[PDB]
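Colleague: So I pulled this structure from the PDB, and the sequence comes with it:
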Amino acid sequence: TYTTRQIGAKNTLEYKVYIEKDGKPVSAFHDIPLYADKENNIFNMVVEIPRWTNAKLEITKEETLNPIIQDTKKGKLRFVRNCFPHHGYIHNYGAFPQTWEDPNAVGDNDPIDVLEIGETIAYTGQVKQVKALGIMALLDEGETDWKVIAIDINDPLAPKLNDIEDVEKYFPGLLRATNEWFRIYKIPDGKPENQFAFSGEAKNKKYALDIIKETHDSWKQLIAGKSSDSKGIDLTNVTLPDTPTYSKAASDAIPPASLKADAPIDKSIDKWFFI
Amino acid sequence: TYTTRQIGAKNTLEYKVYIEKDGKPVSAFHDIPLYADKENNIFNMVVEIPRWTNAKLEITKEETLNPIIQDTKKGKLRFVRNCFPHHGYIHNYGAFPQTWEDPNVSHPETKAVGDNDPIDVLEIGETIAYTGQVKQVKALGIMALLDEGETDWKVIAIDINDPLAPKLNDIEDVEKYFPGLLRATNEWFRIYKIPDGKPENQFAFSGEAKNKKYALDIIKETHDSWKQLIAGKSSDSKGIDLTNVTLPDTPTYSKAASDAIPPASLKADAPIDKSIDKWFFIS
Ligand SMILES: [Mg+2]
Ligand SMILES: [Mg+2]
Ligand SMILES: [Mg+2]
Ligand SMILES: [Mg+2]
Ligand SMILES: [Mg+2]
């Protein structure tokens, strides 16, 4: 059973979320199997950011057991601003564990990103089981920043969704909103409009699976200690006994759950930008 | 100074929010002056529903001092559903006090009776409001919604404290600083009850947002209708509770009514059923 352990108050620099397996912290990057059901391509997704929230939460590669923390720049907590007509993130946003876009266009140096499109709003550190529907390629300064489009297998519509064309049928306009969102979401931060490969097209399930599998193989090399360069990445794990960086003690070293209410978010984050 | 008195937990059947002045409840419908500054047309808006929320909180016409209570259907709490690409209400949503959409006459602009409620207000500023807030707003324009066949004007307004307020003086300024918002507003009010199994709504004037001058004229009409109502002179007051604590020349004045309201019993927000998360794709 996967649960979460929160350290610190939400919306502060101290906030960290660890994933627990049967009460014990594990690495959110390395210890959660990519596949819930390999034969049927059911993936575990680690959720970082709930739909319609603003705080830019991410698995941190550099801290032991890779908790989810809020992104910072020069000491300041980072938020996505509201970009009309959107409110925060428009997907449950996260990543596949045991994947890595090896930067050694080029890998983006993180687990492959996942947009989960189902009805229910997720929680930070949730491990849910999803099926892949397709994939888009956002460009980020020469890096290929893939966005997998997926749905929770427990979603009421999941049986009716198998490939990318089904997203057009049951979620008309969501692909367009996705294109627009990733194009404009940094404009309020003083950055340019972003660009997609393939003229913004979403490639199909088959294509997505090939990319996901490649990033899993890269992670296999990484965790084995065999990548050409893993600088800045903590590979400590508590479930892979034959890896050089196995250390069960790392689980015990994590502090207990925080006793704290969410810190308030500055009211400026409410603002709707027309851009 | 206006404050709020909350009974119970938000998102429960027991929840009520009374507006207080001097720590004592007043009628949210009748006792809050329409104008904060009459000569400059600065209005008091009673906020019901914050932007990006779902619970259909409303001033309760039939309850003494007209607290804000969540609407219900078959006894179950009513939440407006998320209609793609929107999340809940896309404005801070509320009403002008001391107004009434007269249900006993056909309104000439729409050829329909009024919806029996205070005139509704869409406040477009950056900050998300709170339920029971009294804020001061300028009117910018107005849209002639027919909501389930009833005259249901929507005033477009902005909080006078918004950073952009000085630059927003008439409806054309809304399109300049909030491009796409008026078009989205038209869509929202057309489609928002389709997930409830109701028809699409429609607008008069093909959804045109009429200007500030037009808005002031309609606001005046609805204030005049309320003046008749509160005097006990409506042909049919629809069981509305006209009890008030600030209008001595009215038959239903009673300073005592305030003392009869229970004390605050504020509880943490109750959870909302996960179904309310759902995003509906209407076409
Ligand atoms: Mg990522
Ligand atoms: Mg990426
Ligand atoms: Mg109603
Ligand atoms: Mg109303
Ligand atoms: Mg109305």
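Modeller: Yep, it's here. Numbering: from 1, shown residues only, chains lettered A, B, ... in the order given. Ligands and ions are numbered 1, 2, ... in the order given.
Colleague: gap between residue A:268 and ligand 1?
Modeller: Applying Cβ to the ion, to the nearest Å, the value for residue A:268 to ligand 1 is 25 Å. Every residue, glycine included, has its C-beta placed from N, CA and C.
Colleague: Equivalent analysis for residue A:146, please.
Modeller: Distance of residue A:146 to ligand 1, given as Cβ to the ion: 10 Å.
Colleague: Just list the residues touching that residue, thanks.
Modeller: A:101, A:108, A:112-113, A:135-138, A:211, A:215 (Cβ atoms under 8 Å, 6 or more residues apart in numbering or on different chains).
Colleague: Pick out whichever of the residues you listed sits closest to chain B.
Modeller: Taking Cβ to the nearest Cβ as the measure, chain B lies nearest residue A:136 of the contacts of residue A:146, at 17.7 Å.
Colleague: and the helix or strand that contains that closest one, which residues are buried?
Modeller: In this structure, residue A:136 is located in strand A:127-140 according to DSSP states H and E. Across strand A:127-140, burial judged by 16 or more other Cβ atoms under 10 Å in any protein chain shown covers A:127-138.
Colleague: now stretch A:190-210
Modeller: Neighbour-count burial for stretch A:190-210 flags A:194, A:196, A:200, A:202-205, A:208 (criterion: 16+ other Cβ under 10 Å).
Colleague: so the spatially most central residue of chain A is in which element?
Modeller: Note on chain A: the residue nearest the mean C-alpha position is residue A:94, at 2.1 Å, using Cα atoms, centre = their mean. Using DSSP H and E, residue A:94 sits in strand A:92-95.
Colleague: Contacts for that strand next, please.
Modeller: With Cβ under 8 Å, 6+ apart as the criterion, strand A:92-95 contacts A:45-51, A:59, A:110-118, A:121-122.
Colleague: do the same with stretch A:191-204
Modeller: With contact meaning Cβ under 8 Å, 6+ apart, stretch A:191-204 is reached by A:105, A:134-140, A:144, A:149, A:163-165, A:167, A:175, A:179, A:182-187.
Colleague: coming back round to it: neighbouring strands - and their directions - for the strand holding residue A:136?
Modeller: In the sheet, strand A:127-140 lines up against strand A:42-49 (antiparallel), strand A:143-152 (antiparallel), strand A:195-196 (antiparallel), strand A:203-204 (antiparallel) (DSSP bridges).
Colleague: which bits of chain A sit near ligand 2?
Modeller: A:108, A:113, A:145 (Cβ under 5 Å from the ion).
Colleague: Try it again at 8 Å.
Modeller: A:95, A:101, A:108, A:110-113, A:138, A:140, A:143, A:145-147 (Cβ under 8 Å from the ion).
Colleague: how far is the strand holding residue A:136 from where the chain is centred?
Modeller: Chain-centre distance of strand A:127-140: 9 Å, with Cα atoms, centre = their mean, to the nearest Å.
Colleague: How about it and ligand 1, touching?
Modeller: No: under the criterion of Cβ under 8 Å from the ion, ligand 1 is not reached by strand A:127-140; the shortest gap measures 10.8 Å.
Colleague: Dump stretch A:179-187 to CSV, keeping only the CA atoms.
Modeller: The C-alpha coordinates for stretch A:179-187 follow below in CSV (Å, rounded to 0.1, in the frame of the first residue of the first chain):
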residue,chain,number,x,y,z
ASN,A,179,-1.1,23.0,-26.7
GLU,A,180,-2.0,26.5,-25.7
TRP,A,181,-1.2,26.0,-22.0
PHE,A,182,2.4,24.8,-22.6
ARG,A,183,2.9,27.5,-25.1
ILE,A,184,2.0,30.4,-22.8
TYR,A,185,2.5,29.2,-19.2
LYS,A,186,5.8,30.9,-18.8
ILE,A,187,4.8,34.2,-20.4
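Colleague: contacting residues around it?
Modeller: Residues outside stretch A:179-187 that contact it (Cβ under 8 Å, 6+ apart) are A:80-81, A:83, A:86, A:90, A:136, A:138, A:147, A:192-196, A:200, A:273, A:275.
Colleague: For the longest helix anywhere in chain A, enumerate the helices and strands it packs against.
Modeller: Ranked by number of residues, the top helix in chain A under DSSP state H is helix A:205-223. The helices and strands touching helix A:205-223, judged by 3 or more Cβ pairs under 8 Å, 6 or more residues apart in numbering or on different chains; DSSP states H and E, are strand A:127-140, strand A:143-152.
Colleague: after the shortest one, next one along is what?
Modeller: I take that to be strand A:143-152. Defined by DSSP H and E, the subsequent element after strand A:143-152 is helix A:164-170.
Colleague: buried stuff in that next one?
Modeller: A:164, A:166-167.
Colleague: helix or strand right after that helix?
Modeller: helix A:174-184.
Colleague: what angle separates that next one from strand A:143-152?
Modeller: 150 degrees (axes from the mean of the first three to the mean of the last three Cα atoms, to 10 degrees).
Colleague: could you check whether helix A:174-184 is close to ligand 1?
Modeller: No: judged by Cβ under 8 Å from the ion, helix A:174-184 makes no contact with ligand 1; its nearest approach is 12.3 Å.
Colleague: mind checking how far that helix is from the chain centre?
Modeller: 17 Å.
Colleague: Kindly report the same for stretch A:23-39.
Modeller: With Cα atoms, centre = their mean, you get 14 Å for stretch A:23-39.
Colleague: residues near residue A:1, how many?
Modeller: Residue A:1: 7 surrounding residues under other Cβ atoms under 10 Å in any protein chain shown.
Colleague: Check residue A:231 too.
Modeller: Counted with other Cβ under 10 Å, the burial measure for residue A:231 works out to 6 neighbours.
Colleague: Distance check, it against ligand 4.
Modeller: Residue A:231 is 59 Å from ligand 4, by Cβ to the ion.
Colleague: what do you get for residue A:170?
Modeller: The spacing between residue A:170 and ligand 4, counted by Cβ to the ion, is 33 Å.
Colleague: which among the contacts of stretch A:179-187 gets closest to ligand 5?
Modeller: For the contacts of stretch A:179-187, the residue nearest ligand 5 by Cβ to the ion is residue A:86; the value is 27.0 Å.
Colleague: check which helix or strand covers that closest one.
Modeller: Secondary structure (DSSP H and E) places residue A:86 outside all helices and strands.
Colleague: Skip the chain neighbours and tell me the closest residue to residue A:63.
Modeller: Take residue A:63 and drop its neighbours on the chain: the residue closest to it by Cβ to Cβ, 6 or more residues apart in numbering or on different chains is residue A:234, 6.2 Å away.
Colleague: right, I mislabeled it, should have said residue A:157
Modeller: residue A:170 (5.7 Å).
Colleague: can you pull the contacts of that neighbour?
Modeller: Contacts for residue A:170 (Cβ under 8 Å, 6+ apart) come out as A:157, A:160-161, B:281.
Colleague: Separate out the buried members of these.
Modeller: For the contacts of residue A:170, buried by 16+ other Cβ under 10 Å: residue A:161.
Colleague: Please list the residues of the stretch 51-200 of chain A that sit near ligand 1.
Modeller: A:58-59, A:93-95, A:108, A:110-113.
Colleague: now with 5 Å?
Modeller: A:95, A:110, A:113.
Colleague: would you list the residues you listed in a markdown table and tack on distance to ligand 5?
Modeller: Listed next are those as a markdown table, based on distance: Cβ to the ion, whole Å:
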| residue | distance to ligand 5 |
| --- | --- |
| A:95 | 45 |
| A:110 | 48 |
| A:113 | 43 |
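Colleague: so who does the closest residue to ligand 5 within the stretch 51-200 of chain A touch?
Modeller: Residue nearest to ligand 5 within the stretch 51-200 of chain A: residue A:85 (23.0 Å; Cβ to the ion). Residues in contact with residue A:85 (Cβ under 8 Å, 6+ apart) are B:85-86, B:90, B:180, B:184.
Colleague: on that earlier part again, nearest to ligand 4 among the contacts of stretch A:179-187?
Modeller: Nearest to ligand 4 among the contacts of stretch A:179-187 is residue A:86, at 26.3 Å by Cβ to the ion.
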